[PDB]
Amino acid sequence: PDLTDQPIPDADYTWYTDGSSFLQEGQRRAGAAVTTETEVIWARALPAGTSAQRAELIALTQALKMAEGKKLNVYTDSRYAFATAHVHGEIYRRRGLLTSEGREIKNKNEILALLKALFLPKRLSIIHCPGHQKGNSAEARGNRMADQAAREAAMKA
């Protein structure tokens, strides 16, 4: 409870990611975004039905891919995203498609990509600090910018 990576002191990039998924009355609309404090560096309207969790992972994976070879500090408004980047990768890499007990592995394909994407950046820190997602600081600013951009990419699905 309440865990996070420490931000890299000399980061090349400082981004905020967010996945948004909601029903616009009947249909499920999802969107992902990677932004700075003032600019949207990447946004994409997502396939209908995409869960908020899957969207939050897609956003984060995308940020990692764009930060290849660089030092990245990325903030996630999701507890799921940070937690997912700290799962026991070993499980997602055993032989077969299912868990040991024989069930399906939730979001196996995204998590597998997230895990690979993790080492594209030269140095990486995934910060999850809710106490600053509100108010007026670079973080609150950045959280709003990303939650807004993702929200909009969905609305324009």
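Each residue number is its position in the shown sequence, starting from 1.
Looking at mean Cα B-factors across 127-135 and 60-68, the upper value is held by 127-135.
Look at the C-alpha B-factors of 23-31 and of 99-107. On average they run higher in 23-31.
Listed residues 52, 114, 120, 40 were ranked by CA B-factor as deposited; 52 comes out on top. Among the modelled residues of the chain, residue 88 sits in the lowest third by CA temperature factor in this PDB entry.
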